[PDB]
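Just one chain follows, in the form solved without the partner chain, and it is written as structure tokens.
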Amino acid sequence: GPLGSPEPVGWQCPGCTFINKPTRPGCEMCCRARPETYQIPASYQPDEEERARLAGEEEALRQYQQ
């Protein structure tokens, strides 16, 4: 999960400069729901674990709502 990296490509957290993943609707420190305004970078490229869970989550969530 979003443990932390030197060159993050997600969104920055105001409550703390942790910067979580772009596809992570919630900081792993403050738990502040990602701002809908924020967008995900096309060149994101989620890790093997990130995509493994993301691709599946959206397959059950996105497929429903979106």
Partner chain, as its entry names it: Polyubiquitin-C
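Numbering follows the first chain given and starts at 1.
Only in words, not in the display: the form solved in complex with the partner chain, which the text now covers.
- Not displayed here, the partner chain is kept clear of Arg51 by more than 4.5 Å at the level of heavy atoms in the deposited complex.
- At the 4.5 Å threshold, heavy atoms of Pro25 reach the partner chain in the deposited complex.
- Among heavy atoms of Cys16, some come within 4.5 Å of the partner chain in the deposited complex.
- Within this chain, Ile40 is remote from the site of the partner chain in the deposited complex, having no heavy atom within 4.5 Å.
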